[PDB]
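Q: What follows is a structure written as structure tokens; I'll ask about it next.
Protein chains in written order, with the numbering used here: chain E, 508 to 555; chain V, 6 to 546; chain W, 6 to 546; chain H, 16 to 207; chain C, 7 to 102; chain P, 57 to 152.
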């Protein structure tokens, strides 16, 4: 969820999420900050 | 009629002991679900970016996606602690080997719609007039036409306490993002990196609105919205963790020198290396216990902290979670780091949010600083250039070892499932509608092969101001909220454990330093610190 | 025919889960019972004395009695660890509220009689010839005609390990003793005390011989002696211990000052003493929480270490065992101090015998240095001569307090039963055939109102030498022994526990410092250190 | 397979078992999972004064690879390839010259057809217990037949204690009559 | 017995019977013997890793799970020459 | 059991792996010397799995005229294929 939601027309302006260390949820690493790259996803699609 | 009650608050977990050991854990749950009105009723596709990854080296910090914010709020049952207080989850970690999953029904009843009204006196005074005529919109997606978004990996479920009133969270889902983040760089040097989200491609933009997908029941203040009893079709989970490893599968070699003294400081000695016999996987004559003939490997070396990059963006490869080694590493073994809210654990004082780096205790995990690789001939007392110790770099990078790239998931790889996590883990999960289904889910241990149970969308119907509603972007509304109860019933089915051995196994006890994690304080502060699951041991072979 | 087997070794404890929670714990037990021949076949009334109590001050050390030594050996099942390995007794202390007791059957099968024979060569060489024709005498006292002597309070039962071969103990019972020990003295002064056992009185000498009481089945080497299924009639035990006390029965007084800060260093304050209301047992106006109106007292002040003296001799009054206070006293609360043998626990190295001072955990016990008594008016800020603190002597004896004599067993005295002790405690016990039956037994928690189950008497039949058997006190015999298996089946019946609360209760776990108490060592040393029983809590009111 | 790969689990260091398959024309047998079965004098092995026979074996199902015969290239194909664009197995990994890319390289994709374990004679195993795990392995390297149900009962035989006249309480080790046994054992293993 | 059924299927009924000389257990006590070695404690011999924790029981195991118990080479020549598939059906043991 | 009919065989002692918590790091080469630790540690509490034979399986005593007959175990296995495959990715499909 995001706290800063945009006001202007046009997708040049982007909504801003909460802080990295303030978000919550289940997470696959040791570190405190929950970014969207290291998230908890059910399974990977594709394979290297 | 308004003044007649419509349902029954109910929260007892009936352990109805059937025959032959089977039980039927009927778990009820009922919480007051305080719904606020939507701040806007218009659907919004909000692209999200960040300036944090636009500077070089912060490319894990990648919060940018494209989000579809809908005004509908989602009432979610898909979390473990909603159904189980710790007194009843102690009973299942102590006594149950398997957990099948059978039934599920939801029920919204006894809604209370109220209008808030401001009067202009010297304090801000708010008068709560009662709405006898207003309605709220419920929508049971009985076919899962909408994207199934469980709120358990974001810890956005209903709160796990019965008396504390919960909140439902806004339904939103990912829209298509076409992410541009390359070049991927180090931190030290500066690069001309491009951090923009591009225009969404035409072939995949997938805009689900709630009204045109699921039929919606309007509900006045004397409602009773009963979801039909959803019957699951899942695999039976196994709560019994496995401890056997490839140094513990099969028949051990016989020993000739057996000890004489009391105490395990003295060790029995086997036969010679070249004198032992049996089936063996190498060319050399000496049959050590490391290179032995084991049926299949347990666990698999994941290439860990591996940031794959898909049309969506950079993401880490999810690792099957498994118990770490005696050296606590937890990153190549897939630890859980679950941060909660003040509805989900976390003594409600002025501190920040609790953490609990967790693992299961199914012993099948590896360590990255404890592995090595050799050349094709075996050659004990090995050549300096013939064996790849983890002190060796990969491409000149000294902190990076071979195991960062090395994968060993062969066909004969036995593997334990995802542990269920308490109280914050997810219960069930949608089957990935793909051609090749994954063998297990890391998000949730129960997998629904059929249509998963209907997620429940609740939104206040628009109570409109006298002002006009044509040729206006944003209309004014009467500010309002709601208090509807929500009753669930999640009927499990589980087999009692049978002790077929001598020594007593580890049960989930209560120590003198543990009652403070289970009891309220002088304020009313509660806490739901996790339980390390899967306590009963079992053999893998 | 000799070469046909007659029975089945069996030791699995089948937890057969019936409906509605009830289970049916069918516990089997089977041990090789190595019987040696009797050293004499003549019945002997051995008076026992000691010179230790004949000197002044050692009058607790009172081993003198009159013993009736019979040549018959007793095979005893009346001990807990015969039927329950710790893996299956962990299952019942974790999960069962009540234990009913239903069935019991014994079976001696597959006897092996052998003759030992000495040859006169330079070492002592012994040749074990097989007896195809000899017999051994079994005697199932199906009416309990003989005095019921359980071997559990002497730790003389069959050993609690399946693989280790056990030994049966010689049957003997108390004959009448008329003890003269007075005067009772101190230690320091010398007295002219008389320490003799007198001639037994005519009216009570009770000489039971085994042959003239129970019919005796001779058994050759292909026998099968099956005891019929004894059906118990006992009270249902309650494994759930009670914690409520007279400072915890009923409804607490309401408080006006409630705390504000986190942490239990800050305490809520009640109302005034003279301002509270309710029913109350004294004359004074102030209603404190000590002098309150409680339904019945739990526990009772036993006059402890009280050596009563009966026609038999001096003996200590048995105290109902109950959990001590936070100050470990254990003597006015009736601790168990159970010393075992190397068949009953006790890692089999060169040390002496293990001890384990035990208690139950049913919170109903008192402390002697924490009690006091007052005059008839209440009078807070009490007069020096109006209150009896335990610093006060009784008759000038400073170590002896009022509570050494003080008894408080009134009619309204609620009380918990004897805890079952593991693995060394007794299971069932004979009802005392008296006019006024005792309410509970301290020796064993299960009480058989009917005829108790038949104790089993086993003795080798006399294999006689060629020498004459008339006009001779002691005859020579062929030295011999026996190896007969012994199969039991003790069918329990128990109700599964239901968790009706929030916080998880104390279960019998397995810590890292506990696996050494549950696992064999490099020699083969086993151990059966006790389990503190009755773990599930319950309310007494 | 990443071959000679010593994984390390709570149990200890262990080599990753490779699915056994017929080697190339260059006899390598270590990345292809050879069997090296040493027997006793009840299992083969002419009973003279020599030591135990060896027989480095393979199946003959032609699906195996060679480590000194493989190579890898960059993303564009580029016949007559650049020196730095193709990874020949003369190249070290991290400066270790005997170790090639194939020591780390795994290619088990989803579309990987594979033959089962060959049954080995007379010394191989017939059946095997299914690994009671959540994700079952696709094949066993120890035995070709897999029992999905409860596997057949292994048979435990021990002499009952024939005891000496000496006492059996408060003693660590008891004396016994020394004895043995000769029991026949008949089986019947009906194939199809 | 190679009992040739119809349509090609056969039913290889393989019997086996051996005298099984059982000696008595040297000790009847169960022993948890930890095993170590000084060979891996010096650097570089870490393939030579015989150390484990073993549970030595006095019971002896009679095992059928090997191929040559049931098949002499005259009958295993017959199956490597002529049989495509092998299903597995029945199994019974008997001590007499 | 030995694969010859006339030669009398021997049964082997039943033993099974108990939990071991192995400490062997650091993993080293052969040439240099390191301060490696080669100890087996104390077994963890949660997994020590001690099966005794008497308390698990019911045991038939047998005198010298016995006949202990195991019931006919019926398998449920995959059909093995004795026919080996030779085709490779330079041999699958239609040649040019």
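Every residue gets a Cβ at the ideal spot worked out from N, C-alpha and C, and that includes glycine.
So which residues on chain C does residue 506(V) lean against when the C-beta distance must stay under 9 angstroms?
A: In chain order: nothing, as chain C lies at least about 12 angstroms away.
Q: Taking the continuous alpha helix (DSSP H) assigned at residue 94(W), which residues delimit it?
A: 91 to 100
Q: Which residues in chain H have a C-beta closer than 7 angstroms to the C-beta of residue 25(C)? List them in chain order.
A: One finds 197 and 199 in chain H with Cβ atoms closer than 7 angstroms to the Cβ of residue 25(C), taken in chain order.
Q: Identify each residue in the region 539 to 551 of chain E for which the Cβ-Cβ distance to at least one residue of chain V is less than 9 angstroms, and report them in chain order.
A: 539, 540, 541, 542, 543, 544, 545, 546, 547, 548, 549, 550 and 551
Q: Could you compute how far the alpha carbon of residue 429(W) sits from the alpha carbon of residue 37(W)?
A: 19 angstroms
Q: Please state whether DSSP places residue 88(H) in a helix, a strand or coil.
A: strand
Q: Looking only at its own chain, which residues have a Cβ that is under 8 angstroms from the Cβ of residue 205(W), when we skip the five neighbours before and after it?
A: 71, 180, 181, 182 and 183
Q: Throw me the rounded Cβ distance for the residue 435(V) and residue 153(V) pair, which I believe falls under 8 angstroms.
A: 4 angstroms
Q: Taking Cβ positions only, does residue 117(P) come closer than 7 angstroms to chain C?
A: no
Q: Any C-beta of chain C within less than 8 angstroms: which residues of the region 369 to 381 of chain W qualify?
A: So the list is empty, because no residue satisfies the distance condition.
Q: For the region 241 to 248 of chain W and the region 95 to 104 of chain W, state whether three or more C-beta atom pairs, one from each stretch, are separated by less than 8 angstroms.
A: yes
Q: Measure the CB-CB distance between residue 33(H) and residue 30(C) and report whether it falls below 7 angstroms.
A: Contact: no.
Q: Of the residues that make up the region 503 to 534 of chain V, which ones have a beta carbon closer than 8 angstroms to any beta carbon in chain P?
A: Hits within the stretch, in order: 505, 506, 507, 508, 510 and 511.
Q: For the beta strand (DSSP E) containing residue 175(V), list its first residue and its last residue.
A: 174 to 179
Q: Can you tell me the Cα-Cα spacing of residue 80(C) and residue 57(P), whole angstroms?
A: 19 angstroms
Q: Check the Cβ of residue 180(H) against every Cβ in chain W and list those closer than 8 angstroms, keeping chain order.
A: By Cβ distance, chain W contributes 41, 121, 131, 484 and 486.
Q: With 8 angstroms as the C-beta to C-beta threshold (strictly closer), list the residues of the region 110 to 142 of chain P near chain C in chain order.
A: 118, 122, 123, 124, 125, 126, 127, 128, 129, 130, 131, 133, 135, 136, 137, 138 and 139
Q: Based on Cα-Cα distance, which residue from 142(H), 54(H) and 147(H) lies nearest to residue 292(V)?
A: Each of 142(H), 54(H) and 147(H) was checked against the Cα of residue 292(V), and the nearest Cα belongs to 54(H).
Q: Three or more C-beta pairs under 8 angstroms: does that hold for the region 23 to 38 of chain H against the region 291 to 308 of chain V?
A: yes
Q: Which word fits residue 94(W), buried or exposed, when buried means at least 16 other C-beta atoms lie within 10 angstroms of its C-beta?
A: buried
Q: Give the residues of chain H in contact with residue 58(P), contact being defined as C-beta atoms less than 7 angstroms apart.
A: Close partners of residue 58(P) in chain H (Cβ separation under 7 angstroms): 57 and 58.
Q: Which runs of the beta strand (DSSP E) spanning at least 3 residues fall entirely within the region 395 to 441 of chain W, listed in chain order?
A: 433 to 435
Q: Here's the rule I'm using: 16 or more other beta-carbon atoms within 10 Å means buried, otherwise exposed. How should residue 381(W) be labelled?
A: exposed
Q: Please state the DSSP three-state secondary structure of residue 490(W).
A: DSSP places residue 490(W) in strand when its eight states are reduced to three.
Q: What does residue 168(W) reach in chain P if we use C-beta pairs closer than 7 angstroms?
A: 110
Q: So with CB distances below 9 angstroms, who are the chain P contacts of residue 100(C)?
A: Ordered by position in chain P, the residues that pass the 9 angstroms Cβ test against residue 100(C) are 123, 124, 125 and 126.
Q: Residue 68(V) and residue 543(E): beta carbons closer than 7 angstroms?
A: yes
Q: Name the residue from 527(W), 525(W) and 501(W) whose alpha carbon lies nearest to the alpha carbon of residue 104(W).
A: 501(W)
Q: If we count the other Cβ atoms within 10 Å of its Cβ and call it buried at 16 or more, is residue 332(V) buried or exposed?
A: exposed
Q: Within 7 angstroms of any Cβ in chain P, is that where the Cβ of residue 15(W) sits?
A: yes
Q: Tell me the rounded alpha-carbon separation between residue 112(V) and residue 513(V).
A: 33 angstroms
Q: Taking C-beta to C-beta, are residue 309(W) and residue 370(W) nearer than 7 angstroms?
A: no
Q: If contacts are defined as beta-carbon pairs under 8 angstroms, then residue 35(V) and residue 14(V) qualify, I think. What distance do you get, rounded to the angstrom?
A: Contact flag correct, Cβ pair sits at about 5 angstroms.
Q: Which residues in the same chain as residue 496(V) place their Cβ atom closer than 6 angstroms to its Cβ, once the five residues preceding and following it in sequence are excluded?
A: Apart from sequence neighbours up to five positions away, the residues of its chain that approach residue 496(V) with a beta-carbon distance below 6 angstroms are 31, 107 and 108, ordered along the chain.
Q: Mind checking which residues open and close the beta strand (DSSP E) that includes residue 184(H)?
A: DSSP places residue 184(H) in no beta strand (DSSP E); its state is neither H nor E.
Q: With a CB to CB cut of under 6 angstroms and the five nearest residues on each side skipped, what residues in its chain are close to residue 530(E)?
A: The answer, listed in chain order, is 541.
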